[PDB]
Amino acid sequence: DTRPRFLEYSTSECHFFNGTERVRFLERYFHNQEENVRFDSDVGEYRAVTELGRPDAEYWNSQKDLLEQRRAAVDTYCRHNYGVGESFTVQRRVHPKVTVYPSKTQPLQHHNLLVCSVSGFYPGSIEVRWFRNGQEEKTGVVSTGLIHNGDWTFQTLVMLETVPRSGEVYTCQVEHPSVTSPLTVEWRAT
């Protein structure tokens, strides 16, 4: 199918700061990936983003009932919907699963890569550090970055490039909002 496509897209966005103490509402209208008109509660009226949206900004700003709907949206829509799902979104906390396993930077190599897997957690904010014999390892650390699984869970792999010596103990340390104390997992060279 090589027929031309035409896409009409719109978002109604609620931005929350310090709980619901500060709230900003944005309604945005798009056509073929181009935003052409928006309402920003900071302004209180529609504004054209591009010339193609100018007729609608003017038309919509002439409708007092529409504007007052949008001006009240931070309360009737944003703060309301925030309250509706607060218990299972804002207060959602899922403990990370933490495991450590050895790997290789390339085949035909000795085990020279330590992988700290941190998975299944929520929210996405996480902090993972490596230690060797009680000292933080800041060099040779590479990671997948934060990975979203698309199902209200996240994961990450934090890897340490190192050459383990006999008797060395490596520790992966994890901080996450679901806990008030760091999680630690040890790995021992055989």
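Residues carry their position along the shown sequence, with the first being 1.
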Exercise. Please work out which of 109-117 and 71-79 has the higher mean CA B-factor as recorded in the PDB entry.
Key: 109-117
Quiz item: Mean C-alpha B-factor higher for 25-33, or for 122-130?
Solution: 122-130
Self-check item: Given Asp56, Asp151, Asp40, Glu136, the residue at which the Cα B factor reaches its maximum
Solution: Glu136
Exercise. Within this chain's modelled residues, let me know which third the CA B factor of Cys14 belongs to: lowest, middle or highest.
Key: lowest
